[PDB]
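This document starts with one chain, in the form deposited in one PDB entry, laid out as structure tokens.
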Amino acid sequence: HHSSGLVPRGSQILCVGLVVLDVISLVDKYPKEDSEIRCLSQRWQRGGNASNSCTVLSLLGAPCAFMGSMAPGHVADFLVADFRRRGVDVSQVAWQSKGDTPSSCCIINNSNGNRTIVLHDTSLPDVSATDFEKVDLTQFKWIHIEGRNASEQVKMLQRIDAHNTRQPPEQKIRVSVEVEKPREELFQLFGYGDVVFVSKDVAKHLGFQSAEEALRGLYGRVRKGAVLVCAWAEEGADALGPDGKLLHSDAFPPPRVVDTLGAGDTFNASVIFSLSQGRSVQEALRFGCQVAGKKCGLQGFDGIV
């Protein structure tokens, strides 16, 4: 291969999770099975929750690194270039010898704005705990895990905890986790991290009707001292920490809503960033809603700050 540069100790924010090639087509009308139609436009975009958050971290001004699986090939080359175009360190990518780099096909109806999605296959193995054990952690000041292969990720999280017990308080690595998909295996992740993000979608699937209901009803699952965070689209976001005080920020809707895809990852990355800079939970919550609301007014990530 090649070489990478010196990363100062304790300098980077790491996001672990999915990166995917999304091929997004805008169409006149939903295509009938077995038809051949011409789209209005097509775009290839780098997507994935962890992947989107690393783009936002870089544009906020943080050194950031992505860890996730790819296979050699033209899909990965496209994704790697797109990561580097957004200033993201890809040295910790876990290259796989079996499977395909994830690629999804997203069909957007120009009539009604409906999205029809053929999601990537699951041929590529996820980063494992044994792959994680081989990573020197000292260059990272924060590690964010997108909940995916949870039993493996639990071991990574226990590895980080084991690291932090030996560290003086200023070399402790802060940890966050996101539980974004309503899948039962992910729920054990609530019990790890200093910050846990839970999605509106998961909260609803668990029967909660508001962010307030979700935080009060799930706080019992987090580890002692942790902050639980739940954004609720246009209703803004709440956070709840050990002091029992429910914090809220309203949303900051833009003049016109252009593109809400990735708004959730923008919020997550901006809360992480604000907390990593030493701000209070209430300040981070507000900043996260402001950056996410700005993003919803813009196509993609350009111009978000």
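In this text, the rigid core denotes the largest set of C-alpha atoms whose superposition between the two forms falls within 1.5 Å. Start at 1 with the first residue shown and count on from there. Only residues modelled in both forms are compared.
Undergrad: Compare the mean C-alpha B-factor of 113-121 with that of 215-223 as given in the PDB entry, and name the stretch with the higher value.
TA: So the stretch with the higher mean C-alpha B-factor is 113-121.
Undergrad: Take the C-alpha B-factors listed in the entry for 139-147 and for 163-171, compute each mean, and give the stretch with the larger one.
TA: The deposited B-factors put 163-171 ahead on the C-alpha mean.
Undergrad: Would you mind finding, among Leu59, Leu26, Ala251, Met67, the residue with the largest C-alpha temperature factor in the entry?
TA: The C-alpha B-factor peaks, among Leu59, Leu26, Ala251, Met67, at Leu26.
Undergrad: Going by the entry, which of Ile108, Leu228, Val179, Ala231 has the most elevated CA B factor?
TA: In this record, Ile108 carries the highest C-alpha B-factor of the candidates.
Undergrad: If you rank the chain by CA B-factor, which third does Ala76 end up in: lowest, middle or highest?
TA: It belongs to the middle third of the chain when residues are ordered by C-alpha B-factor.
Undergrad: Compared with the other modelled residues in the chain, in which third is the CA B-factor of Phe190?
TA: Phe190: CA B-factor falls in the middle third of its chain.
Undergrad: State the tercile, meaning the lowest, middle or highest third, of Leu275 with respect to the CA B-factors recorded for its chain.
TA: It belongs to the lowest third of the chain when residues are ordered by C-alpha B-factor.
Undergrad: Could you tell me which third, lowest, middle or highest, the C-alpha B-factor of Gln158 occupies within its chain?
TA: Ranked within chain, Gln158 CA B lands in the middle tercile.
Undergrad: Quick check for you: using the entry's CA B-factors within this chain, is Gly47 in the lowest, middle or highest third?
TA: CA B-factor rank for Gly47: lowest third.
Same protein, other form: the form deposited in another entry, not shown, and the subject of what follows.
Undergrad: Choose, among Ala76, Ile173, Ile108, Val93, the residue with a C-alpha displacement of 2 Å or more between this form and the one not shown when the rigid core is used for superposition.
TA: Shifted by 2 Å or more: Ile108 only.
Undergrad: Would you say whether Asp28 is displaced between this form and the one not shown, judging by a C-alpha shift of 2 Å or more on the superposed rigid core?
TA: Yes, the C-alpha moves 2 Å or more.
Undergrad: Honestly, after the rigid core fit, is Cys39 moving at least 2 Å at Cα between this form and the one not shown?
TA: Passes the 2 Å threshold, so yes.
Undergrad: Determine whether the C-alpha of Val118 shifts by 2 Å or more between this form and the one not shown once the rigid core is superposed.
TA: Passes the 2 Å threshold, so yes.
Undergrad: Which residue stretches between this form and the one not shown come out as moving, taking only runs of at least three where every Cα shifts by 2 Å or more after core superposition?
TA: Core-superposed, displaced stretches are 24-42, 104-118.
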